[PDB]
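Worksheet: one structure, shown below.
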Amino acid sequence: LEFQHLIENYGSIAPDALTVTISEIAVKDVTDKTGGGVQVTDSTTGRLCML
Amino acid sequence: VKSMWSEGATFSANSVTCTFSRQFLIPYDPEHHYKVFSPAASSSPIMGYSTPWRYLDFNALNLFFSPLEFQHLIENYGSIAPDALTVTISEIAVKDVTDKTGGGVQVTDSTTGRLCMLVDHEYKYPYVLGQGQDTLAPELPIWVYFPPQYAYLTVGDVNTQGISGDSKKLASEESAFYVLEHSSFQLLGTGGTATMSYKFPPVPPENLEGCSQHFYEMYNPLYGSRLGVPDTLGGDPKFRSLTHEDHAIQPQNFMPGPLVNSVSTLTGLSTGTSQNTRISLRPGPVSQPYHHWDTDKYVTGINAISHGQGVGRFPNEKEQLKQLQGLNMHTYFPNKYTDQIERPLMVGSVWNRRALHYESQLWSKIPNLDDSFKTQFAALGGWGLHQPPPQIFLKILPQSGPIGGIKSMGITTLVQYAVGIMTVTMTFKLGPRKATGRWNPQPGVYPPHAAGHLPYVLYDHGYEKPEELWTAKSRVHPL
Amino acid sequence: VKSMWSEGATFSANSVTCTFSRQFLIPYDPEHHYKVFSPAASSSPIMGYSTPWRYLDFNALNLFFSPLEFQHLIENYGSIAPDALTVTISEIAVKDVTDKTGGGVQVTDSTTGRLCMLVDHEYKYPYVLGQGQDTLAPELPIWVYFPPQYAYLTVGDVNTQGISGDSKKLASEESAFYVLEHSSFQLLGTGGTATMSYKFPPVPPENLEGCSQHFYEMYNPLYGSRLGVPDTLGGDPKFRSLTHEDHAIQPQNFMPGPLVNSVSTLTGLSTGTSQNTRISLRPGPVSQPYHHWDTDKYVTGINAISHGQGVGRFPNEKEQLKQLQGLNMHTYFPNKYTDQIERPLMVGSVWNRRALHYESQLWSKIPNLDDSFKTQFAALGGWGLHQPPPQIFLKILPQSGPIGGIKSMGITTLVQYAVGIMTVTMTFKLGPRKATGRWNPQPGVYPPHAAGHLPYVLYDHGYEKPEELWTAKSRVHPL
Amino acid sequence: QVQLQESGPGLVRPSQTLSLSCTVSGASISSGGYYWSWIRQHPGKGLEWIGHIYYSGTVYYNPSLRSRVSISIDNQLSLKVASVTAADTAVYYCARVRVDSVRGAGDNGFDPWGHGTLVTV
Amino acid sequence: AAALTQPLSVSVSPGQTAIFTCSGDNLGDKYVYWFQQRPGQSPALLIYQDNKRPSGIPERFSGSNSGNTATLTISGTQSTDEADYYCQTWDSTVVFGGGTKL
């Protein structure tokens, strides 16, 4: 709908800005239930290296 | 100072100002009489007066908007309502023919002839402007407007004089003879200009957007219904509950609107006496369609008007077939089922409207008789309002020479005609489009055609209009 | 206030202001229709519209400059580029013919007729001005200009309807019908004046000076060359050095420009489908000559345009034959020699230009489609620019009497025509001449002729133009 | 094609109601805008117009023969001229006119005529 | 115009003129061409652009074009001008006339 509103109303397009926000991160760890196979708790000490 | 021919619409997020300009031509009247009538019906006859004046009728919508501008109106906005109107009569060139007697016609130019222009701001004279007759304006700006002659019907006293049954409406005490020369008359010579400057009342908008939802299907398609529905009848009810599959017996909190004589394929629906007086109320009320598209073909109704051509040019009211209206829509009653074609008003009801199109009217007039309901929207398209845009009457003058002292020399009305330019601007308060979190591309806005013969374009008077009317409800609400 | 007919160029060390004035004549149209077309080709046909308007085309260079003023331009300056343009429509005398019926024609004067003038500052309507057609202006200021009728081609939808192979371009959704009466219209009566006042974009100059040096011979004629040239081939090169006599194998640091189908003596060079659609790209690119002088005669090319007459009137491009271009110029490759007539672009290249002359264009238009290269200079002469000087459309009016009330009396378009004066001024930013420590008298600036028949002068319509075109590169740079 | 056929009673001298009828073949008469005239012509003299009628009851008459004649429509196009003490017998045509657009001047003329009946008085 | 009007035949004697009529709506602002078709032969361009004659046509043929009509005047008709004369215009395709049989 927004692309259709773009085509039928305007006559040019060119980008000028871009922001990329990495929101809420929930790095967690699997504990390997050995009979269930997978149990996911949550980790507060694990991190996510972003470059 | 610059003299301009103005035309073109300028859009905004608020109102659009659309002006057009045509060339008019006040032709001639060899007799400046009033010429009552002589109808003399034989079966309530009519009784009129033929004024020697020219009014002008810029009523329709296809004059203010070009087809590109109407397409820009539909695909961008979601309402329309007029709020201002000015009518400027530009450069006037009243001239006279000298009758070459061997050539026949030689047109010089007259600086002493004038053009009597009267604007009826007080609504003293009868209003014949908004009834849908074949003298409006040229659709294209290159053709010349010939404005219509002014005439009106009155009420008299029906007699019966003749041999077999001849009736004739003669003048009564209630009959009236409006001579327009008892007024103020901008005399408006060669090169003169005159304006009107009307201001529209607050009118409800026309909502140029359809619906993506039936009004009787507004529920969650799951979950059933909290209420019940009868099973047994005869004093022992034994109500049962509902599941999610009970769609044909789901209880609605709002009823549909009235459908007084909606049928398919004379006089149509008609009031009157026994079987033969029978005046017609032809295009139904405004709450009814007269043309839509069922599963195979187009259903066309008894109460339809053609808008041209014949085969007819009808607006496809697909937004009335959706919300529980349509042509062959009967109502049923379990009275000790009674198939009825008329549906009543049903105190809580919604019936949206018959849709406006590209060639529809703008106003008609609500008559001065009291206690109207609802009358905010007229039939034949348009709004319809108390105190409509006033009529601009245009006579030329009876310059009446020569004499010679006793003789009736010459023609004594010599011959004169006036050309000019009328530039009519009107502003329409547009509303913003209704919001949809839709994710689908909305359907495109193009006028309907069938094959090869394209809409408004010149072909090998050339220019041809489509087979169906270009309606205005093509985007979805979402209700 | 004084009413003047202005004409004449005024030179400076900076820009020259050259104005001219002609008498135009907006003739008549007995039908104010739009008159689409009916081409119906049989072998992609065309599809047009014939507007009832008159534009004016002051494109060429021989109108702003007299031959004395063009000679003063060439022998004194070394560049030219326009920077301003005003078009004034002076005293207008729209009049009407009364049809003497025994004489045939009697022209009185009309004060109520007008002349609709529209200037297209927004570029809404298609631009047909700069394509080189036989309706520009009179070359001499004593003749009367008849401005051309406005018409345009569009894109439609090719069908195949007939018996054998008859195609016809009908209207599509992309086809357009520009009615010019949806605009603003200076109505411009008798005695009225109107202006345009365009301002040219920054354009690169035209450098009216040749070269006294070949571009491939820019070295010291002594001293040889520091680099080497191969002797043996086949994996064992054995390069050798160079002496001062090695002129045909001297290494150049700049290549020549492209020569895409430069040949000597239909459609010329042409794109298109298999062998018969084949639209022509006739006067080559701007990097190529189509007429010069070899050792014996004049070589004239396939891709030449005649500019008049036939035998032809071609500009002598002696400044392209100098710098490694020309007609029969093949390129050779030692691939396992391959004679090619096309030369590629060759990343470091210089190709100076096809020279402008006295009768060349000034602008054409760069089309609105994107990614142009190089397009700063058009073919057929001239610059060629985005947003060119706008078109001035001139209709008169359809004054449409008389009527008589019902009758179609008279001719109803009575008859009218308008004469006037258009005074067009344009300023050209001239550059100073390039310096030479030369000691030789530079060659004189005179238009080319052969014997007896002198250039622009009256003879026993009299006035005759030379056989060859008067080019503009006759002084030397010195490169 | 549209043809109009008349119906003649014969001759009655002592002041009876002269009744005629005109059945139209080819196209119905309650199908749109067309007048339906009754036109006389004295043998040895010019034409004379009695009156015309529309299908919705409205009928125009001649001002000289207004209080004598009566045009009517029951898909029959009758004519009931009475008081025949003046011996007018002449000829009775039927004629059709297309209804004009502006009501002021006649835009059309009597293109489809009848065959004509000869009444005697 | 799109339908040119021309009568059937004209009668003349040697020693006078025979003027024909080529009627047409707005024919004054148009070009009318006359064609001489002797019997058994193809037509020949008699008078072009309402006044002019070619070299093969003698100087006794002349025409006019005024108002809604275009005439062709023969000055001193001989005993060889008994030929069908057609008027022809261009209403955007080609419009041929009926022909005055002389």
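Worth pointing out:
Per-chain numbering from 1; labels A, B, C, D and E assigned in written order.
Following the convention adopted for this analysis, a contact is a pair of C-beta atoms (placed from the backbone, for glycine too) under 8 Å apart; a residue touches a chain by one contact, two chains touch by 3 or more.
In terms of the stated touch criterion, the partners common to chain A and chain D are B, listed by label. Across C-D and A-B, the chain pair carrying more C-beta contacts is A-B.
With centres taken as mean CA coordinates, the chain nearest to the overall protein centre is B. Separating the centre of chain B from that of chain C, both taken as means of CA atoms, is a distance of 53 Å. As a whole-number value, the distance joining the C-alpha centres of chain A and chain C reads 59 Å. Per-chain Cα centroids separate chain C from chain E by 44 Å. Centre to centre, using the average C-alpha position, chain D and chain E are separated by 49 Å. Among the residues of chain E, none is found touching two or more other chains.
Along chain D, residues 102, 104 each make contact with two or more other chains. According to the touch criterion at the top of this document, the contacting chain pairs are A-B, B-C, B-D, C-D, C-E. Contact residues of chain B toward chain A in the complex are 75-76, 436, 438-442, 444.
Within the complex, the chain C residues that touch chain B are 32-38, 49, 52, 98-102, 108, 110-112, 114, 116, 170-173, 175, 177, 179, 181-189, 397-406, 409-410, 414. Chain E contributes residues 26, 29, 66-67, 92-93 to its touches with chain C in the complex.
The touching residues of chain B, counted against chain D in their complex, run 38-43, 45, 50, 134, 149, 162-164, 166. Those residues of chain C whose C-beta lies close enough to touch chain D in the complex are 405-406.
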